[PDB]
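Engineer: Sending over work_18.pdb (PDB, C-alpha atoms).
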```pdb
ATOM      1  CA  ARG A 838    -145.052 -13.628-142.198  1.00  0.00           C
ATOM      2  CA  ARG A 839    -148.490 -14.402-143.624  1.00  0.00           C
ATOM      3  CA  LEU A 840    -146.950 -15.430-146.942  1.00  0.00           C
ATOM      4  CA  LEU A 841    -144.461 -17.705-145.182  1.00  0.00           C
ATOM      5  CA  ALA A 842    -147.351 -19.277-143.291  1.00  0.00           C
ATOM      6  CA  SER A 843    -149.122 -19.653-146.646  1.00  0.00           C
ATOM      7  CA  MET A 844    -146.525 -21.891-148.264  1.00  0.00           C
ATOM      8  CA  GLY A 845    -145.790 -23.546-144.920  1.00  0.00           C
ATOM      9  CA  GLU A 846    -149.368 -24.794-144.863  1.00  0.00           C
ATOM     10  CA  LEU A 847    -149.079 -25.633-148.561  1.00  0.00           C
ATOM     11  CA  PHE A 848    -145.999 -27.772-147.906  1.00  0.00           C
ATOM     12  CA  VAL A 849    -147.461 -29.467-144.832  1.00  0.00           C
ATOM     13  CA  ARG A 850    -150.446 -30.343-147.014  1.00  0.00           C
ATOM     14  CA  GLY A 851    -148.041 -32.606-148.898  1.00  0.00           C
ATOM     15  CA  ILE A 852    -146.532 -30.490-151.664  1.00  0.00           C
ATOM     16  CA  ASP A 853    -142.816 -29.882-152.212  1.00  0.00           C
ATOM     17  CA  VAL A 854    -141.262 -26.490-151.421  1.00  0.00           C
ATOM     18  CA  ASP A 855    -137.609 -25.493-151.894  1.00  0.00           C
ATOM     19  CA  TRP A 856    -137.078 -23.111-148.986  1.00  0.00           C
ATOM     20  CA  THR A 857    -133.463 -22.646-150.090  1.00  0.00           C
ATOM     21  CA  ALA A 858    -134.870 -20.160-152.617  1.00  0.00           C
ATOM     22  CA  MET A 859    -135.362 -17.386-150.046  1.00  0.00           C
ATOM     23  CA  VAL A 860    -133.541 -18.828-147.016  1.00  0.00           C
ATOM     24  CA  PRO A 861    -129.824 -18.065-147.486  1.00  0.00           C
ATOM     25  CA  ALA A 862    -126.901 -20.340-146.764  1.00  0.00           C
ATOM     26  CA  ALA A 863    -125.018 -19.479-143.579  1.00  0.00           C
ATOM     27  CA  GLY A 864    -122.392 -20.861-141.227  1.00  0.00           C
ATOM     28  CA  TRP A 865    -122.382 -24.327-139.747  1.00  0.00           C
ATOM     29  CA  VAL A 866    -124.668 -25.203-136.830  1.00  0.00           C
ATOM     30  CA  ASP A 867    -124.680 -28.466-134.861  1.00  0.00           C
ATOM     31  CA  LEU A 868    -128.309 -29.566-134.955  1.00  0.00           C
ATOM     32  CA  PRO A 869    -129.592 -32.385-132.728  1.00  0.00           C
ATOM     33  CA  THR A 870    -130.115 -35.811-134.244  1.00  0.00           C
ATOM     34  CA  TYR A 871    -133.330 -37.644-135.103  1.00  0.00           C
ATOM     35  CA  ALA A 872    -135.679 -38.540-132.245  1.00  0.00           C
ATOM     36  CA  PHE A 873    -136.373 -42.265-132.486  1.00  0.00           C
ATOM     37  CA  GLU A 874    -139.166 -44.349-131.009  1.00  0.00           C
ATOM     38  CA  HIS A 875    -138.315 -47.309-128.811  1.00  0.00           C
ATOM     39  CA  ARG A 876    -140.016 -50.553-127.833  1.00  0.00           C
ATOM     40  CA  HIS A 877    -137.784 -52.965-125.943  1.00  0.00           C
ATOM     41  CA  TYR A 878    -137.132 -56.107-127.988  1.00  0.00           C
ATOM     42  CA  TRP A 879    -135.292 -59.101-126.559  1.00  0.00           C
ATOM     43  CA  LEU A 880    -135.226 -62.891-126.814  1.00  0.00           C
ATOM     44  CA  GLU A 881    -134.154 -65.042-123.965  1.00  0.00           C
ATOM     45  CA  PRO A 882    -133.465 -68.787-124.146  1.00  0.00           C
ATOM     46  CA  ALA A 883    -134.293 -71.629-121.755  1.00  0.00           C
ATOM     47  CA  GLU A 884    -132.025 -73.892-119.738  1.00  0.00           C
ATOM     48  CA  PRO A 885    -131.976 -77.670-119.235  1.00  0.00           C
ATOM     49  CA  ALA A 886    -132.707 -79.015-115.780  1.00  0.00           C
TER      50      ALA A 886
ATOM     51  CA  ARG B 838     -72.597 -94.314-152.986  1.00  0.00           C
ATOM     52  CA  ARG B 839     -70.862 -95.477-149.808  1.00  0.00           C
ATOM     53  CA  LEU B 840     -69.687 -91.967-148.914  1.00  0.00           C
ATOM     54  CA  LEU B 841     -73.196 -90.669-149.610  1.00  0.00           C
ATOM     55  CA  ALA B 842     -74.667 -93.235-147.236  1.00  0.00           C
ATOM     56  CA  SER B 843     -71.965 -92.230-144.756  1.00  0.00           C
ATOM     57  CA  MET B 844     -72.900 -88.609-144.427  1.00  0.00           C
ATOM     58  CA  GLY B 845     -76.573 -89.536-144.733  1.00  0.00           C
ATOM     59  CA  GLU B 846     -76.172 -91.630-141.600  1.00  0.00           C
ATOM     60  CA  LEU B 847     -74.244 -88.774-140.001  1.00  0.00           C
ATOM     61  CA  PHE B 848     -77.064 -86.340-140.832  1.00  0.00           C
ATOM     62  CA  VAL B 849     -79.792 -88.674-139.580  1.00  0.00           C
ATOM     63  CA  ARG B 850     -77.751 -89.062-136.387  1.00  0.00           C
ATOM     64  CA  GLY B 851     -78.794 -85.505-135.518  1.00  0.00           C
ATOM     65  CA  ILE B 852     -76.342 -83.194-137.278  1.00  0.00           C
ATOM     66  CA  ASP B 853     -77.274 -80.852-140.137  1.00  0.00           C
ATOM     67  CA  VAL B 854     -75.768 -81.081-143.628  1.00  0.00           C
ATOM     68  CA  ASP B 855     -76.066 -78.692-146.579  1.00  0.00           C
ATOM     69  CA  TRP B 856     -76.885 -81.261-149.253  1.00  0.00           C
ATOM     70  CA  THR B 857     -76.812 -78.502-151.884  1.00  0.00           C
ATOM     71  CA  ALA B 858     -73.113 -79.247-152.421  1.00  0.00           C
ATOM     72  CA  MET B 859     -73.506 -82.457-154.433  1.00  0.00           C
ATOM     73  CA  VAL B 860     -77.143 -81.947-155.498  1.00  0.00           C
ATOM     74  CA  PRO B 861     -77.580 -78.884-157.729  1.00  0.00           C
ATOM     75  CA  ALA B 862     -80.985 -77.404-158.425  1.00  0.00           C
ATOM     76  CA  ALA B 863     -82.995 -78.328-161.509  1.00  0.00           C
ATOM     77  CA  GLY B 864     -86.395 -77.725-163.067  1.00  0.00           C
ATOM     78  CA  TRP B 865     -89.533 -77.513-160.982  1.00  0.00           C
ATOM     79  CA  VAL B 866     -91.344 -80.718-160.017  1.00  0.00           C
ATOM     80  CA  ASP B 867     -94.646 -80.962-158.143  1.00  0.00           C
ATOM     81  CA  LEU B 868     -94.063 -82.931-154.935  1.00  0.00           C
ATOM     82  CA  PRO B 869     -96.620 -84.445-152.543  1.00  0.00           C
ATOM     83  CA  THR B 870     -97.474 -82.928-149.159  1.00  0.00           C
ATOM     84  CA  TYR B 871     -96.888 -83.805-145.524  1.00  0.00           C
ATOM     85  CA  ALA B 872     -98.817 -86.835-144.280  1.00  0.00           C
ATOM     86  CA  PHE B 873    -100.553 -85.980-141.013  1.00  0.00           C
ATOM     87  CA  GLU B 874    -101.684 -88.256-138.196  1.00  0.00           C
ATOM     88  CA  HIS B 875    -105.450 -88.070-137.805  1.00  0.00           C
ATOM     89  CA  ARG B 876    -107.669 -88.692-134.789  1.00  0.00           C
ATOM     90  CA  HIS B 877    -111.365 -87.903-134.619  1.00  0.00           C
ATOM     91  CA  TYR B 878    -112.003 -84.751-132.577  1.00  0.00           C
ATOM     92  CA  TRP B 879    -115.564 -83.508-132.212  1.00  0.00           C
ATOM     93  CA  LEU B 880    -118.118 -82.129-129.762  1.00  0.00           C
ATOM     94  CA  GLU B 881    -121.651 -83.550-129.554  1.00  0.00           C
ATOM     95  CA  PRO B 882    -123.587 -81.465-127.009  1.00  0.00           C
ATOM     96  CA  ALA B 883    -127.035 -82.173-125.550  1.00  0.00           C
ATOM     97  CA  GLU B 884    -130.262 -80.243-124.995  1.00  0.00           C
ATOM     98  CA  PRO B 885    -133.460 -80.516-122.930  1.00  0.00           C
ATOM     99  CA  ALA B 886    -136.665 -82.036-124.276  1.00  0.00           C
TER     100      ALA B 886
END
```
Before we go any further, please render this structure as structure tokens.
Structural biologist:
Amino acid sequence: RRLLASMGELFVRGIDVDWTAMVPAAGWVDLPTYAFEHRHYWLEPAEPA
Amino acid sequence: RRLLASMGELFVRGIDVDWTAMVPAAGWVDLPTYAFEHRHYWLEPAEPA
């Protein structure tokens, strides 16, 4: 666990780690999608009198 | 010529004639196109100022 934390911190520092090396491939799992940010954007026109 | 004018008048009277009988096909010739009747059609909307 300590070693895993070690390269976890190393990766989060900004370095590249290939976790496929010790994490094995397994069956399919339906992961949730990306969580997007949202600011409402809209343009409305004007009308003649 | 007279007989040709005769069934030409008959055809223009409203009936249909298969003129392929006395007029066999020949080599290709580039013909003009249909002449349309043209009137100006357009929309010119307005807007506020």
Engineer: Here's a check: after a least-squares fit over all in-order C-alpha atoms, write chain A in the frame of chain B, as a PDB file with C-alpha atoms, in the coordinates of the input.
Structural biologist:
```
ATOM      1  CA  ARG A 838     -72.518 -94.422-152.916  1.00  0.00           C
ATOM      2  CA  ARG A 839     -70.746 -95.457-149.715  1.00  0.00           C
ATOM      3  CA  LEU A 840     -69.742 -91.856-149.035  1.00  0.00           C
ATOM      4  CA  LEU A 841     -73.312 -90.664-149.581  1.00  0.00           C
ATOM      5  CA  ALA A 842     -74.492 -93.325-147.146  1.00  0.00           C
ATOM      6  CA  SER A 843     -71.797 -92.089-144.750  1.00  0.00           C
ATOM      7  CA  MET A 844     -73.106 -88.547-144.408  1.00  0.00           C
ATOM      8  CA  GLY A 845     -76.689 -89.786-144.704  1.00  0.00           C
ATOM      9  CA  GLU A 846     -76.166 -91.762-141.513  1.00  0.00           C
ATOM     10  CA  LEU A 847     -74.312 -88.787-140.038  1.00  0.00           C
ATOM     11  CA  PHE A 848     -77.274 -86.503-140.742  1.00  0.00           C
ATOM     12  CA  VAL A 849     -79.870 -88.988-139.498  1.00  0.00           C
ATOM     13  CA  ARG A 850     -77.824 -89.179-136.302  1.00  0.00           C
ATOM     14  CA  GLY A 851     -78.897 -85.575-135.740  1.00  0.00           C
ATOM     15  CA  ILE A 852     -76.260 -83.407-137.399  1.00  0.00           C
ATOM     16  CA  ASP A 853     -76.910 -80.796-140.090  1.00  0.00           C
ATOM     17  CA  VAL A 854     -75.881 -81.432-143.707  1.00  0.00           C
ATOM     18  CA  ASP A 855     -76.312 -79.042-146.650  1.00  0.00           C
ATOM     19  CA  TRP A 856     -76.965 -81.452-149.510  1.00  0.00           C
ATOM     20  CA  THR A 857     -77.292 -78.484-151.873  1.00  0.00           C
ATOM     21  CA  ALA A 858     -73.479 -78.515-151.957  1.00  0.00           C
ATOM     22  CA  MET A 859     -73.269 -81.497-154.325  1.00  0.00           C
ATOM     23  CA  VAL A 860     -76.916 -81.880-155.388  1.00  0.00           C
ATOM     24  CA  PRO A 861     -77.521 -79.373-158.211  1.00  0.00           C
ATOM     25  CA  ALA A 862     -80.556 -77.193-158.737  1.00  0.00           C
ATOM     26  CA  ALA A 863     -82.871 -78.401-161.496  1.00  0.00           C
ATOM     27  CA  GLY A 864     -86.327 -77.815-162.929  1.00  0.00           C
ATOM     28  CA  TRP A 865     -89.526 -77.668-160.942  1.00  0.00           C
ATOM     29  CA  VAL A 866     -91.185 -80.858-159.687  1.00  0.00           C
ATOM     30  CA  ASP A 867     -94.577 -81.124-157.971  1.00  0.00           C
ATOM     31  CA  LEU A 868     -93.839 -83.080-154.806  1.00  0.00           C
ATOM     32  CA  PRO A 869     -96.643 -84.502-152.646  1.00  0.00           C
ATOM     33  CA  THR A 870     -97.594 -82.686-149.466  1.00  0.00           C
ATOM     34  CA  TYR A 871     -96.961 -83.609-145.836  1.00  0.00           C
ATOM     35  CA  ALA A 872     -98.569 -86.794-144.509  1.00  0.00           C
ATOM     36  CA  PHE A 873    -100.505 -85.856-141.380  1.00  0.00           C
ATOM     37  CA  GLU A 874    -101.766 -88.004-138.530  1.00  0.00           C
ATOM     38  CA  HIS A 875    -105.447 -87.958-137.656  1.00  0.00           C
ATOM     39  CA  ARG A 876    -107.520 -88.667-134.562  1.00  0.00           C
ATOM     40  CA  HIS A 877    -111.168 -87.687-134.882  1.00  0.00           C
ATOM     41  CA  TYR A 878    -112.027 -84.835-132.514  1.00  0.00           C
ATOM     42  CA  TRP A 879    -115.584 -83.608-132.037  1.00  0.00           C
ATOM     43  CA  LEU A 880    -117.840 -82.140-129.355  1.00  0.00           C
ATOM     44  CA  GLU A 881    -121.531 -82.658-129.380  1.00  0.00           C
ATOM     45  CA  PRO A 882    -124.043 -80.847-127.158  1.00  0.00           C
ATOM     46  CA  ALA A 883    -127.145 -82.074-125.326  1.00  0.00           C
ATOM     47  CA  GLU A 884    -130.798 -81.206-125.811  1.00  0.00           C
ATOM     48  CA  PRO A 885    -133.550 -80.267-123.347  1.00  0.00           C
ATOM     49  CA  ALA A 886    -136.458 -82.646-122.936  1.00  0.00           C
TER      50      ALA A 886
END
```
Engineer: Got a sec to resolve the ChimeraX specification (/B :<8) & /A on this structure and send the residues as number ranges by chain?
Structural biologist: A: 884-886
Engineer: Kindly export the residues of the current selection with C-alpha atoms, as a PDB file, in the coordinates of the input.
Structural biologist:
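Listed below is the output, selection-v9.pdb:
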```pdb
ATOM      1  CA  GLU A 884    -132.025 -73.892-119.738  1.00  0.00           C
ATOM      2  CA  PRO A 885    -131.976 -77.670-119.235  1.00  0.00           C
ATOM      3  CA  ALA A 886    -132.707 -79.015-115.780  1.00  0.00           C
TER       4      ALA A 886
END
```
Engineer: Would you mind reading off the distance between atom CA of residue 849 of chain B and atom CA of residue 870 of chain B, one decimal, in Å?
Structural biologist: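 Computing it gives 20.9 Å between the two atoms.
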Engineer: Figure out the distance between atom CA of residue 842 of chain A and atom CA of residue 858 of chain A, please, to one decimal in Å.
Structural biologist: 15.6 Å
Engineer: Please report, as lines of an AutoDock Vina configuration file, the centre and edge lengths in Å to one decimal of an axis-aligned box covering all listed atoms of segment 854-871 of chain B with 8 Å per side.
Structural biologist:
```
center_x = -85.3
center_y = -80.9
center_z = -153.3
size_x = 40.4
size_y = 23.0
size_z = 35.4
```
